[PDB]
Amino acid sequence: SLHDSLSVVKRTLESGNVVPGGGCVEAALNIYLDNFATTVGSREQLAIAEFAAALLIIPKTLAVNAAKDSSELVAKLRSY
Amino acid sequence: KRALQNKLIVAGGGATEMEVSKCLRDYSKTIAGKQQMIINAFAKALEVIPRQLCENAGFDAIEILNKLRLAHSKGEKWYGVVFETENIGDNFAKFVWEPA
């Protein structure tokens with residue numbers, strides 16, 4: 001077990017730059033990119049908005065696989 | 001007729017729908033759960049009016065809707081679809097109004 005635990009912690013530490021998972025990146029980009037879209041006002045505003053929305057498939061899928069109601073788990077992320 | 005019967009008016013040409021849609025998009029920012037998605041869907045559905053007003057008139061609905069959203073965020077709550085020359089403008093000053 002110690003050999004396993006050291007491998008798990010090492011893998012995390014090996015990456016000099018880390019970003020929180022669990023939907024943090026996708027949910028954060030969803031909101032940030034949605035604001036970005038508002039600076040265009042042409043055609044890319046729609047492509048950016050749909051691109052941003054697409055990233056929510058990850059926290060949505062994770063919630064469904066957890067047997068939890070994605071409509072609350074994902075919505076709460078958008079709020080936070 | 002309505003100019004004499006209804007003293008309480010709001011700007012037309014989608015201007016009223018734009019202000020409601022905006023206030024809904026902001027309201028939903030404080031709502032969590034299933035209600036958030038439905039409120040936003042309502043805010044989106046309201047845009048069917050300025051959308052179809054543009055499309056049926058032969059206008060570039062995508063450009064006009066984008067200009068309406070962005071121009072409205074500046075605080076001018078009477079922006080709407082102009083049918084004289086394809087653009088957006090103050091439909092209250094231009095006397096394009098509907099009873100409240």
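Backbone-built Cβ (ideal geometry, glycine too); neighbour counts: all protein chains shown. No value in this document is a laboratory result; all are computed from the given coordinates.
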*Could you tell me whether region B:67-81 includes any residue that is within 30 Å of A:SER70 (Cα to Cα) and in a helix (DSSP H, G or I)?*
yes
Being over 11 Å from the mean Cα position of the chain (by Cα) and of a type in the set (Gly, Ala, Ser) narrows B:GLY14, B:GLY80, B:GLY75 down to just B:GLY75
Here the residues within region B:83-96 that are more than 12 Å from the chain's Cα centre (by Cα) and outside any loop (DSSP other than H, G, I, E, B) are B:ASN87
Within region B:38-54, restricting to residues that are surrounded by 15 or more Cβ atoms within 10 Å (Cβ to Cβ) and aliphatic (A, V, I, L, M), the one that is nearest to the other protein chains (Cβ to nearest Cβ) is B:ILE39
- Query: Has region B:4-26 got at least one residue that is away from chain A (no Cβ under 14 Å), free of Cβ contacts under 8 Å to residues at least 24 places away in the same chain and in a loop (DSSP other than H, G, I, E, B)?
  - Reply: yes
Result of the Cβ filter at 9 Å on region B:53-64, keeping first residues that are more than 12 Å from B:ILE88 (Cα to Cα) and partners that are loosely packed, with under 15 Cβ neighbours inside 10 Å, at least 6 apart or interchain, is B:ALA57/B:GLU86; B:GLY58/B:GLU86; B:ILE62/A:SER42; B:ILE62/A:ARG43; B:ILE62/A:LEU46
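So, of the residues in region A:24-80 that are part of a loop (DSSP other than H, G, I, E, B) and more than 14 Å from chain B (Cβ to nearest Cβ), which turns out to be surrounded by the fewest Cβ atoms within 10 Å (Cβ to Cβ)?
The extreme case among them is A:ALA67.
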Of the conditions (1) within 10 Å of chain A (Cβ to nearest Cβ); (2) part of a helix (DSSP H, G or I), the single one that B:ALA32 does not satisfy is (2)
